[PDB]
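Single chain ahead, written as structure tokens, the form deposited without the partner chain.
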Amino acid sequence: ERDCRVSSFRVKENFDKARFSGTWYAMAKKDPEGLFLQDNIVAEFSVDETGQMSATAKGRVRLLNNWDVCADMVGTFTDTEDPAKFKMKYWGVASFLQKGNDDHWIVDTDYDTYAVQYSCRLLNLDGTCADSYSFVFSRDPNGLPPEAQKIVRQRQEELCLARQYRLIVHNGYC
């Protein structure tokens, strides 16, 4: 009976790009089809004077045949009418790395502790998402405090994803 229509999902009110800048460690991920970033995922968010948000990311990716590489990715965000919803153009510093353009929603954050991100790449005909991914980010690479963990779990459930996350390990591979 819970609403899993993407159009129903709440996102961060009055999202503040400047407060969001800096280092975010991925603690958990819900994978999309043909997943790219595997683990050791660390993102760096910036804003320029124009107010344009951008980011970089490091992480182990596993090209099939069991070949691991540390991908180095770049993203630039185009604003929409909702301050928490963006279009993210992304590519790798190496051109053979995956490129594309995904929706990028900041579903919730408190800026200094946790963030929950969401992207629906493709809708179902009933408004639910056919192909989604989601990152949970922490400022501390050792994980979230209990109060933040509990908030995040609630958001995960609201996105209809709470059963579908896996933990992201950080072991200095990159």
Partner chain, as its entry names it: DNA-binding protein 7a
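Residue numbers count along the first chain shown, from 1. Only residues modelled in both forms are compared. The term rigid core refers to the most C-alpha atoms you can superpose between the two forms while keeping them within 1.5 Å.
S.K.: Using only C-alpha atoms and the B-factors in the entry, which stretch averages higher, 67 to 75 or 80 to 88?
M.R.: Comparing averages over the C-alpha atoms only gives 67 to 75.
S.K.: Mean CA temperature factor from the deposited coordinates, higher in 160 to 168 or in 14 to 22?
M.R.: Higher mean C-alpha B-factor: 14 to 22.
S.K.: Which has the highest CA B-factor per the PDB entry: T109, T50, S132, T128?
M.R.: When the deposited C-alpha B-factors of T109, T50, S132, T128 are compared, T50 is largest.
S.K.: Hey, what third does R139 fall into on Cα B-factor, ranked over its chain?
M.R.: As the PDB entry reports it, the C-alpha B-factor of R139 lands in the middle third of its chain.
S.K.: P145: which third of its chain by C-alpha temperature factor?
M.R.: As the PDB entry reports it, the C-alpha B-factor of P145 lands in the middle third of its chain.
S.K.: By the recorded C-alpha temperature factor, relative to the other modelled residues in its chain, which third is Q117 in?
M.R.: Its C-alpha B-factor belongs to the lowest third of this chain's values.
S.K.: Which third of the chain holds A28 when residues are ordered by C-alpha B factor: lowest, middle or highest?
M.R.: Its C-alpha B-factor, which the entry lists for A28, ranks in the lowest third among residues of this chain.
S.K.: Taking the chain's C-alpha temperature factors as the reference, tell me which third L35 falls into: lowest, middle or highest.
M.R.: Middle third.
Absent from the display: the form deposited with the partner chain bound. The rest refers to it.
S.K.: Is there any non-hydrogen atom of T80 lying within 4.5 Å of the partner chain in the deposited complex?
M.R.: No, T80 stays farther than 4.5 Å from the partner chain in the deposited complex.
S.K.: Please tell me whether any heavy atom belonging to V69 falls inside 4.5 Å of a heavy atom of the partner chain, as the geometry stands in the deposited complex.
M.R.: So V69 counts as contacting the partner chain.
S.K.: Is there a non-hydrogen atom of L64 within 4.5 angstroms of a non-hydrogen atom of the partner chain in the deposited complex?
M.R.: Yes, contact at 4.5 Å.
S.K.: So in the deposited complex, is the partner chain close enough to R121 to count as touching (4.5 Å, heavy atoms)?
M.R.: Judged by the heavy-atom cut-off of 4.5 Å, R121 is well away from the partner chain in the deposited complex.
S.K.: Given the stretches 47 to 55, 34 to 42, 131 to 139, 102 to 110, which is the single one in contact with the partner chain in the deposited complex, using a heavy atom cutoff of 4.5 Å?
M.R.: It is 34 to 42 that comes within 4.5 Å of the partner.
S.K.: Even though the chain is shown alone, can you say which residues of 90 to 111 have a heavy atom within 4.5 Å of the partner chain in the deposited complex?
M.R.: Stretch hits, in order: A94, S95, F96, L97, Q98.
S.K.: Please say whether, between this form and the one not shown, the C-alpha of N65 moves by 2 Å or more once the core is aligned.
M.R.: The answer is yes, as the C-alpha of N65 shifts between this form and the one not shown by 2 Å or more after core alignment.
S.K.: Does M88 move appreciably between this form and the one not shown, meaning a CA displacement of 2 Å or more on the superposed rigid core?
M.R.: Stays below the 2 Å threshold, so no.
S.K.: Given that the CA-CA distance for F137 and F96 shifts by 3 Å or more in the deposited complex, does it become closer or farther?
M.R.: Closer: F137 and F96 approach by 3 Å or more in the deposited complex.
S.K.: Your call: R60 and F96 CA atoms, closer or farther in the deposited complex versus the shown structure, by 3 Å or more?
M.R.: They are closer; the C-alpha distance drops by 3 Å or more in the deposited complex.
S.K.: Could you list, in sequence order, the stretches of three or more consecutive residues moving 2 angstroms or more at Cα between this form and the one not shown on a rigid core superposition?
M.R.: Once the cores are aligned, runs 63 to 67, 94 to 97 are those whose C-alphas move by at least 2 Å.
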